[PDB]
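Enquirer: Data: target20.cif, mmCIF, C-alpha atoms.
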data_entry
loop_
_atom_site.group_PDB
_atom_site.id
_atom_site.type_symbol
_atom_site.label_atom_id
_atom_site.label_comp_id
_atom_site.auth_asym_id
_atom_site.auth_seq_id
_atom_site.Cartn_x
_atom_site.Cartn_y
_atom_site.Cartn_z
ATOM 1 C CA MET A 1 180.230 180.149 -36.155
ATOM 2 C CA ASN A 2 177.953 177.131 -35.462
ATOM 3 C CA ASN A 3 174.477 176.923 -33.907
ATOM 4 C CA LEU A 4 172.080 174.973 -36.233
ATOM 5 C CA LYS A 5 171.548 175.416 -39.934
ATOM 6 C CA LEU A 6 170.579 173.632 -43.198
ATOM 7 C CA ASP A 7 172.720 173.393 -46.408
ATOM 8 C CA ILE A 8 169.987 172.661 -49.016
ATOM 9 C CA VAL A 9 170.978 171.112 -52.387
ATOM 10 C CA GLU A 10 168.572 170.604 -55.307
ATOM 11 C CA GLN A 11 169.485 167.224 -56.795
ATOM 12 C CA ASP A 12 168.131 165.719 -60.073
ATOM 13 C CA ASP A 13 164.494 165.266 -58.909
ATOM 14 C CA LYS A 14 165.167 165.031 -55.140
ATOM 15 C CA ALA A 15 165.798 168.081 -52.904
ATOM 16 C CA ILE A 16 168.649 167.320 -50.446
ATOM 17 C CA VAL A 17 168.035 169.379 -47.251
ATOM 18 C CA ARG A 18 171.285 168.628 -45.585
ATOM 19 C CA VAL A 19 171.097 169.688 -41.928
ATOM 20 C CA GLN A 20 173.998 170.988 -39.773
ATOM 21 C CA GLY A 21 174.068 170.984 -35.958
ATOM 22 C CA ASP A 22 172.183 168.951 -33.382
ATOM 23 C CA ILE A 23 168.419 169.479 -33.357
ATOM 24 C CA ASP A 24 166.825 171.418 -30.499
ATOM 25 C CA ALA A 25 164.809 174.504 -29.391
ATOM 26 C CA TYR A 26 166.639 176.647 -32.023
ATOM 27 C CA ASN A 27 165.559 174.177 -34.732
ATOM 28 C CA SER A 28 162.155 174.124 -33.071
ATOM 29 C CA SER A 29 161.394 177.179 -35.197
ATOM 30 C CA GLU A 30 164.535 177.389 -37.450
ATOM 31 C CA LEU A 31 164.232 174.135 -39.484
ATOM 32 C CA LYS A 32 160.468 174.482 -39.221
ATOM 33 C CA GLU A 33 160.790 177.833 -41.123
ATOM 34 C CA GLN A 34 163.657 176.637 -43.404
ATOM 35 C CA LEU A 35 161.369 173.782 -44.558
ATOM 36 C CA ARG A 36 157.768 175.095 -44.553
ATOM 37 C CA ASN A 37 159.051 177.937 -46.727
ATOM 38 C CA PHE A 38 161.533 175.781 -48.679
ATOM 39 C CA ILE A 39 158.862 173.113 -49.457
ATOM 40 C CA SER A 40 156.925 176.019 -51.022
ATOM 41 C CA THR A 41 159.990 177.089 -53.117
ATOM 42 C CA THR A 42 161.320 173.612 -53.876
ATOM 43 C CA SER A 43 161.481 172.617 -57.527
ATOM 44 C CA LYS A 44 162.317 169.042 -56.367
ATOM 45 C CA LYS A 45 159.656 166.890 -54.729
ATOM 46 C CA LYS A 46 161.782 164.269 -52.909
ATOM 47 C CA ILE A 47 162.660 166.151 -49.693
ATOM 48 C CA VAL A 48 165.668 164.205 -48.387
ATOM 49 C CA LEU A 49 167.004 165.155 -44.982
ATOM 50 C CA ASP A 50 170.677 164.575 -43.994
ATOM 51 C CA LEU A 51 171.373 164.079 -40.293
ATOM 52 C CA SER A 52 175.123 163.294 -40.561
ATOM 53 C CA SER A 53 175.852 166.409 -38.419
ATOM 54 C CA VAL A 54 172.996 165.814 -35.893
ATOM 55 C CA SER A 55 174.902 164.683 -32.761
ATOM 56 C CA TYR A 56 171.893 165.193 -30.396
ATOM 57 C CA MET A 57 168.075 165.456 -30.725
ATOM 58 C CA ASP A 58 165.509 166.990 -28.356
ATOM 59 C CA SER A 59 161.708 166.451 -28.413
ATOM 60 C CA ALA A 60 161.883 169.839 -30.210
ATOM 61 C CA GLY A 61 163.208 167.968 -33.245
ATOM 62 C CA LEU A 62 160.517 165.385 -33.681
ATOM 63 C CA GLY A 63 157.488 167.702 -33.357
ATOM 64 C CA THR A 64 159.207 170.138 -35.766
ATOM 65 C CA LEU A 65 159.766 167.371 -38.322
ATOM 66 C CA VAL A 66 156.390 165.602 -38.101
ATOM 67 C CA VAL A 67 154.522 168.920 -38.740
ATOM 68 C CA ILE A 68 156.405 169.114 -42.076
ATOM 69 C CA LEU A 69 154.787 165.736 -43.030
ATOM 70 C CA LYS A 70 151.662 167.763 -43.689
ATOM 71 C CA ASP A 71 153.549 170.818 -45.092
ATOM 72 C CA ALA A 72 155.211 168.568 -47.736
ATOM 73 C CA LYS A 73 151.750 167.057 -48.501
ATOM 74 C CA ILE A 74 150.389 170.696 -48.682
ATOM 75 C CA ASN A 75 152.622 171.052 -51.820
ATOM 76 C CA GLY A 76 152.585 167.336 -52.863
ATOM 77 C CA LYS A 77 156.224 166.761 -51.786
ATOM 78 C CA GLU A 78 157.852 163.519 -50.516
ATOM 79 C CA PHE A 79 159.890 163.277 -47.268
ATOM 80 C CA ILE A 80 162.846 160.976 -46.303
ATOM 81 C CA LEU A 81 165.600 161.135 -43.575
ATOM 82 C CA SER A 82 169.146 159.925 -44.267
ATOM 83 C CA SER A 83 172.572 159.660 -42.571
ATOM 84 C CA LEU A 84 170.873 159.252 -39.150
ATOM 85 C CA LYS A 85 173.308 158.735 -36.294
ATOM 86 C CA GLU A 86 172.958 155.531 -34.388
ATOM 87 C CA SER A 87 172.362 157.676 -31.237
ATOM 88 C CA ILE A 88 169.322 159.257 -33.039
ATOM 89 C CA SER A 89 167.972 156.340 -35.087
ATOM 90 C CA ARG A 90 167.295 154.540 -31.785
ATOM 91 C CA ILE A 91 165.713 157.754 -30.417
ATOM 92 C CA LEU A 92 163.141 157.858 -33.268
ATOM 93 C CA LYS A 93 162.492 154.094 -32.817
ATOM 94 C CA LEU A 94 162.192 154.415 -29.002
ATOM 95 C CA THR A 95 159.759 157.377 -29.296
ATOM 96 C CA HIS A 96 157.946 155.360 -32.067
ATOM 97 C CA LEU A 97 158.860 158.019 -34.680
ATOM 98 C CA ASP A 98 160.909 155.672 -36.921
ATOM 99 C CA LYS A 99 157.866 153.431 -37.539
ATOM 100 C CA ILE A 100 155.946 156.549 -38.818
ATOM 101 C CA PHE A 101 158.808 158.286 -40.770
ATOM 102 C CA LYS A 102 161.250 157.060 -43.500
ATOM 103 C CA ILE A 103 164.898 156.278 -42.888
ATOM 104 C CA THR A 104 167.823 155.600 -45.211
ATOM 105 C CA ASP A 105 171.609 155.556 -44.862
ATOM 106 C CA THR A 106 172.839 157.992 -47.559
ATOM 107 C CA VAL A 107 170.877 160.832 -49.222
ATOM 108 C CA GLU A 108 171.580 158.829 -52.406
ATOM 109 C CA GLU A 109 169.416 155.909 -51.111
ATOM 110 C CA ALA A 110 166.560 158.423 -50.545
#
Would it be possible to restate this file's structure as structure tokens?

Expert:
Amino acid sequence: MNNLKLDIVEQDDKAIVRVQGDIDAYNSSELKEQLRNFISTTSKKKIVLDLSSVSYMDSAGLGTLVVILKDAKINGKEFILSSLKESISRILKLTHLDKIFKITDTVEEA
């Protein structure tokens, strides 16, 4: 039933890549695929991520997201994270990722 996925929702001009599951070694190619390909497809430039379902994060996560910073910029797309758990927001900050990413609270504020 459940071992990591994305939901993906084209909004008005923003593309809401909702994520499902905690973010690990499966994501470490899954989301990487489901974004490098989707950023090619995407009609909407503002690639919002939703981390409301991300209960845990591995180092797998952060390397798999930061590589997409280029992939978005390969297609002139934006990139934002939203709904970050407090257990994960700190993680990005601690590993100095937050200072080099973008964080909001709802996908609507992205």

Enquirer: From the options A:39, A:100, A:4, A:60, which residue's atoms come nearest to residue 74 of chain A, counting all atoms listed in the file?

Expert: A:39

Enquirer: Would you list the contacts of segment 44-55 of chain A as an MDAnalysis selection string, taking every protein, DNA or RNA residue within 6 Å and counting all atoms listed in the file, but skipping same-chain residues closer than 3 positions in sequence?

Expert: chainID A and resid 13:22 77:84

Enquirer: Determine the nearest neighbour of residue 11 of chain A from the options A:71, A:85, A:107, A:76, counting all atoms listed in the file.

Expert: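 Once distances to residue 11 of chain A are computed over all atoms listed in the file, the minimum belongs to A:107.
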
Enquirer: Given the file shown, enumerate the residues that the PyMOL selection byres ((chain A and resi 92) around 12) captures and present them as a PyMOL selection string.

Expert: chain A and resi 56-59+61-63+65-66+81+84-91+93-103

Enquirer: Taking every listed atom of segment 92-109 of chain A and adding 6 Å to each side, what centre and edge lengths in Å (one decimal) does the axis-aligned box have, as lines of an AutoDock Vina configuration file?

Expert:
center_x = 164.4
center_y = 157.1
center_z = -40.7
size_x = 28.9
size_y = 19.4
size_z = 35.4
